[PDB]
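In listed order, ligands and their atoms are each counted from 1. A note on names: the letters A, B, ... follow the listed sequences, proteins ahead of strands, and every chain is numbered from 1.
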Amino acid sequence: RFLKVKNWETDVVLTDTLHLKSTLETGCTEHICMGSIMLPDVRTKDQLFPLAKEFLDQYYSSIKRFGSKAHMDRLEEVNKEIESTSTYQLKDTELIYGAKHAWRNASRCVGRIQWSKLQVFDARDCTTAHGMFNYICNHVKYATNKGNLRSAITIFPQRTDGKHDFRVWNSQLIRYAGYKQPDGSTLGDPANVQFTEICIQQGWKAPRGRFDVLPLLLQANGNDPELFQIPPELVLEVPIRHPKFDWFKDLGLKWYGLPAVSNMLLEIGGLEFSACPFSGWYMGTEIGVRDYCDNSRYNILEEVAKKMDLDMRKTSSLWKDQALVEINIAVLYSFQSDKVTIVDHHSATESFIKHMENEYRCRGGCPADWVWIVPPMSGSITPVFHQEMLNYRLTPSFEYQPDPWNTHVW
Amino acid sequence: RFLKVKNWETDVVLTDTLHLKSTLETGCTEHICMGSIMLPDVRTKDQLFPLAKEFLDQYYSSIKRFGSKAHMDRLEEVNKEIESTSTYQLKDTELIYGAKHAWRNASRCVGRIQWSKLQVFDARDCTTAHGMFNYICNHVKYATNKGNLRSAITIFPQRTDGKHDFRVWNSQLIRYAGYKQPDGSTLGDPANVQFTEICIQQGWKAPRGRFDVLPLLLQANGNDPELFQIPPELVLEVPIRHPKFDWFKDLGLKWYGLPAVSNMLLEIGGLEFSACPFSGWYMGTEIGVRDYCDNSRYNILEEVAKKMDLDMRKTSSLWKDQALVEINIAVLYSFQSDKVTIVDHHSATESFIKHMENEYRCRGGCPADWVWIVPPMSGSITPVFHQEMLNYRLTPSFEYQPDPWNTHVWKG
Ligand code: HEM
Ligand code: HEM
Ligand SMILES: Cc1cc(N)nc(C[C@@H]2CNC[C@@H]2OCCNCC(F)(F)c2cccc(Cl)c2)c1
Ligand SMILES: Cc1cc(N)nc(C[C@@H]2CNC[C@@H]2OCCNCC(F)(F)c2cccc(Cl)c2)c1
Ligand SMILES: C[C@H](O)[C@H](O)[C@H]1CNc2nc(N)[nH]c(=O)c2N1
Ligand SMILES: C[C@H](O)[C@H](O)[C@H]1CNc2nc(N)[nH]c(=O)c2N1
Ligand SMILES: [Zn+2]
């Protein structure tokens with residue numbers, strides 16, 4: 001019931017008490033662990049008030065006013081609002097606190113040392129897709145900040161009866177198009193082929209290139225989604241070169257500087273924000289290991305290894321491993337030379353261990369999903385590999401939601 | 001019931017039914033996942049007979065004799081043995097099937113494609129530490145096979161009252177001593193410092209070098225353990241050199257060829273085999289990533305990166321990653337050049353995925369601990385990184401057991 005986590009490199013043992021406030025289900029049972037599974041009608045008046053109360057209690061606790069008149073008055077006001085309206089509205093202070101805590105609670109996020117420095121853009125007054133587009137360009141410009149990136153979230157209106165959802169159809173605000181070719185191969189990012197098809201069939205004129213920034217497909221008020229191109233000048237991109245290999249730049253590789261997740265659902269005090277795009281800055285391996293080297297992505301290992309003239313005849317020469325490191329050296333070098341914030345996996349995981357220690361010391365724990373927190377390369381030479389982590393679900397939370405094209409009816 | 005697992009690289013979806021045979025608990029609940037926690041007297045008659053029966057039913061199904069007279073007779077014979085003597089003895093065939101299935105069921109093992117090829121040495125007639133020493137020598141020689149490694153396991157007598165346990169005190173049959181210096185540094189393997197001090201206290205004469213093979217410390221029949229030195233001609237070692245870098249040999253690195261886990265408990269049909277040393281062959285990353293490059297182990301990253309003249313002033317040059325790959329190239333090269341079996345992490349994971357898919361078709365599942373199956377370098381360029389896995393506990397099994405110096409009743 002009171003749980004210990006041990007770091008096997010340092011022998012430091014921490015005691016987790018925060019997990020007892022967990023609520024949602026993990027997917028695990030006593031008989032089966034689903035730790036490696038990626039994915040393991042709106043709230044009635046009955047379900048919503050426990051959720052609001054739970055949230056407001058933690059809020060008033062945080063501002064050291066638990067059980068105060070102002071605490072009791074707010075519970076009163078919200079209770080009244082729910083019974084009479086079937087939902088309620090967060091105060092600005094509550095929305096800011098809830099958004100920061102959703103990030104603080106994100107068990108899969110290695111960058112949470114930053115959780116309290118988050119710029120919240122309140123877009124609850126938005127009513128159209130054009131409005132959404134404006135809010136998103138401003139988010140993009142603010143976060144990008146000419147390369148000196150700033151964490152931000154933009155929060156559109158909450159779910160009502162669920163027939164009027166706000167949704168950004170894109171999985172991220174900035175992503176490259178994917179096209180299936182007569183050749184049989186794939187040009188661009190293979191992960192975006194389906195979305196790119198939905199874009200073309202809504203009218204987008206695809207440049208039909210390798211690195212075409214996709215248009216936004218925005219849905220306001222449960223309406224059919226609409227297409228907008230982000231002003232090209234707001235999308236900061238980085239050409240990829242290597243500090244030692246001249247030929248590298250000739251591969252013709254670039255990536256964008258702003259990672260911005262746009263398909264998640266923010267839950268605060270039982271209220272659901274179906275469109276809540278947020279952004280920070282990249283850890284280099286995301287681009288260099290996953291984006292460039294996954295077999296189902298840009299898949300460039302073979303090409304790089306060839307230009308390095310490594311022995312590709314046997315897996316045991318570790319040619320994939322050598323080329324992997326070089327590609328990751330190139331990503332980091334290129335972002336650093338163009339002064340676009342990026343963090344390496346050594347530095348990011350070191351920060352997260354320090355963050356974990358703060359969260360144990362100050363909050364009684366830190367939910368963490370080791371499968372996602374340990375970087376996709378050089379696992380055991382980062383300190384997080386040796387750190388036991390307990391994974392549990394706290395609210396406010398970010399939750400994955402299914403692609404809306406499955407859900408939506410035109 | 002059915003549980004689905006997806007591979008996110010191939011879109012292959014598999015269906016697990018075998019998890020319905022899982023009995024033991026995981027450490028996880030609906031509210032907490034303990035998937036990255038490393039560790040998440042006798043049995044009574046009434047808890048033993050169900051376990052025996054479950055096991056014998058599985059054994060007789062495997063041989064296509066479920067429900068036979070031979071099957072029913074063995075159940076009755078075991079029943080009678082338990083009620084009379086409070087335990088029972090496995091037949092040789094059952095012991096062999098049991099030992100192979102514990103490996104098959106080992107969810108943290110990437111090498112399981114090989115499970116049915118395992119040489120079982122029945123050491124249940126052993127009575128003394130000297131007898132244990134002889135059995136272990138024969139195991140080392142057989143398994144080593146002059147570099148052509150063969151999987152093997154030696155099984156000493158089972159637990160009785162838990163006061164007469166056979167135990168191998170070494171965590172592996174072959175490992176290097178560690179010595180803490182007064183200045184706080186470590187000579188040799190820092191992981192083995194405490195064990196090394198026990199051996200010394202037991203009267204081992206320590207050479208005090210960087211790669212001193214530890215003596216065996218063997219406990220028979222709950223007696224105080226006894227020290228034995230493995231004959232050096234039985235310990236195959238590989239000097240580590242690099243195919244391109246001629247300075248690599250002068251780091252003075254070597255490693256032993258035979259990885260042989262000696263501290264685990266084997267459970268078959270509710271019987272507990274507290275000494276059951278087993279061995280296979282290394283995956284290169286075990287030595288090159290963990291043994292050499294963990295900060296709490298030989299910790300050679302700095303010295304290697306120094307000699308490679310890497311830019312070491314900022315982590316973002318990825319100097320550690322670069323040095324790491326070259327050390328692992330060296331390990332695989334050296335083992336291969338000396339014709340000592342080893343497998344790289346690409347080939348091992350690819351084989352494991354084929355094994356896992358086969359197991360799903362023929363068995364209805366393959367419990368797998370992703371946290372351990374994914375290699376400690378280059379994780380996402382191996383196919384296991386992208387494979388969803390279900391972790392659950394089947395018996396027969398291997399279990400961790402606490403180190404014996406904590407629990408042992410010294411007789412003097
Ligand atoms: C400041 C820089 C940040 C860094 C370096 C960072 C790092 C990361 C990384 C490496 C992942 C794994 C994602 C993947 O492999 O696809 C991740 C996941 C995640 N992070 Fe962060 N993060 C940052 C900012 C943020 C912010 C600002 C938020 C929320 C406001 C956030 C919330 C999340 C969530 C919800 C996930 C899981 C995403 C999913 O399930 O797809 N992070 N983080
Ligand atoms: C034949 C070649 C084999 C290879 C390449 C191999 C590979 C591995 C590796 C890399 C691990 C993780 C070990 C670690 O990180 O410390 C492991 C774990 C394990 N394997 Fe194997 N294995 C092999 C044979 C065997 C055999 C013969 C058995 C038993 C009969 C076995 C049973 C186990 C068990 C019980 C674990 C978990 C160990 C623990 O909890 O400390 N494996 N295997
Ligand atoms: C099935 C599925 C479930 C979940 N929960 N997430 C995904 C998304 C999958 C999981 N890894 C790849 C893909 O992520 C794309 C977004 N990556 C993070 C980032 F690049 F956007 C990023 C990076 C740093 C900081 C921030 Cl704010 C954002 C898929
Ligand atoms: C706390 C704790 C719990 C558990 N279950 N295991 C350990 C042992 C921990 C787990 N990783 C480090 C240490 O293993 C050292 C032995 N490595 C395996 C091998 F080298 F012996 C090996 C390799 C390949 C094949 C075989 Cl048969 C054997 C520690
Ligand atoms: C099946 C497995 O859970 C899946 O491949 C995970 C593993 N760890 C990950 N870790 C991160 N950060 N991002 C991912 O997309 C994944 N994918
Ligand atoms: C805390 C964490 O569970 C621990 O460091 C694990 C991670 N994965 C591992 N995987 C293997 N193969 N061997 C290990 O020792 C570990 N250690
Ligand atoms: Zn679990």
Hey, does [Y] have a side-chain heavy atom less than 4.5 Å from the side chain of [X]?
X      : Y      : answer
B/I373 : B/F352 : yes
A/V371 : B/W370 : yes
B/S380 : A/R290 : yes
A/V261 : A/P277 : no

| message | Does A/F398 form a ring-ring contact (aromatic ring centres under 6.0 Å, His included) with A/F278? I'd like the steps, not just the answer. | response | CA-CA 11 Å; A/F398 293 107; A/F278 58 87; 4.7 Å; yes
Centroid-to-centroid, [X] to [Y], below 6.0 Å?
X      : Y      : value
A/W8   : A/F385 : no
A/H139 : A/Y135 : no
A/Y298 : A/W255 : yes

Protein non-hydrogen atom below 4.0 angstrom of [atom] present:
atom                    : result
atom 3 (C) of ligand 4  : yes
atom 8 (C) of ligand 3  : no
atom 14 (O) of ligand 3 : no

Of the side chain and backbone of [X], name the one, both, or neither that has a heavy atom under 4.0 Å from an atom of ligand 3.
X      : answer
A/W372 : side chain
A/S279 : backbone
B/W8   : side chain

Does [X] have a non-hydrogen atom less than 4.0 Å from ligand 1?
X      : value
A/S151 : yes
A/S279 : yes
A/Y400 : no
A/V110 : yes

Out of [options], indicate the one that has the non-hydrogen atom closest to [atom].
atom                    : options                        : value
atom 9 (C) of ligand 1  : A/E286, A/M283, A/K117, A/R150 : A/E286
atom 26 (C) of ligand 4 : B/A348, B/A152, B/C109, B/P259 : B/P259
atom 25 (C) of ligand 4 : B/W281, B/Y282, B/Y400         : B/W281
atom 16 (C) of ligand 4 : B/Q172, B/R290, B/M264, A/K6   : B/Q172
atom 31 (C) of ligand 1 : A/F398, A/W103, A/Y282, A/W115 : A/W103
atom 24 (C) of ligand 4 : B/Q114, B/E286, B/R108         : B/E286

Among all protein heavy atoms, pick the one closest to [atom] and tell me residue, atom and distance.
atom                     : answer
atom 21 (F) of ligand 4  : B/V261 CG2, 3.3 Å
atom 27 (Cl) of ligand 4 : B/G280 N, 3.3 Å
atom 22 (N) of ligand 1  : A/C109 SG, 3.2 Å
atom 37 (C) of ligand 1  : A/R108 CB, 4.1 Å
atom 39 (C) of ligand 1  : A/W372 CZ3, 3.8 Å
atom 38 (C) of ligand 1  : A/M264 SD, 4.0 Å
atom 29 (C) of ligand 1  : A/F278 CD1, 3.3 Å
atom 3 (C) of ligand 1   : A/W281 O, 3.7 Å

Return yes when atom CD of B/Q401 has more than 12 non-hydrogen atoms of other residues, nucleotides or ligands closer than 6.0 Å, and no otherwise.
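Yes, CD of B/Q401 has more than 12 neighbouring heavy atoms, counting only those of other groups under 6.0 Å.
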Check: Does a sphere of radius 6.0 Å around CD in A/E350 hold more than 12 heavy atoms from other residues, nucleotides or ligands, not counting ones at 6.0 Å or beyond?
Finding: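 Open.
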Original post:
Is B/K6 paired with B/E388 through a side-chain N to carboxylate O contact shorter than 4.0 Å?
Top reply: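 A salt bridge is absent here (no side-chain N lies under 4.0 Å from a carboxylate O).
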Practice item. Flag the pair A/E9 and B/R297 as a salt bridge only when some basic side-chain nitrogen lies within less than 4.0 angstrom of an acidic carboxylate oxygen. Key: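 Salt bridge: no.
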Original post:
In Å and rounded to the nearest 0.5 Å, what is the CH2 to CH2 distance from B/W169 to B/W405?
Top reply: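 That separation rounds to 8.0 Å.
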- prompt: Just checking, is any N or O donor in the side chain of A/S397 or A/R393 under 3.5 Å from an acceptor N or O on the other one?
  reply: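 Note: A/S397 and A/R393 side chains miss the donor-acceptor criterion.
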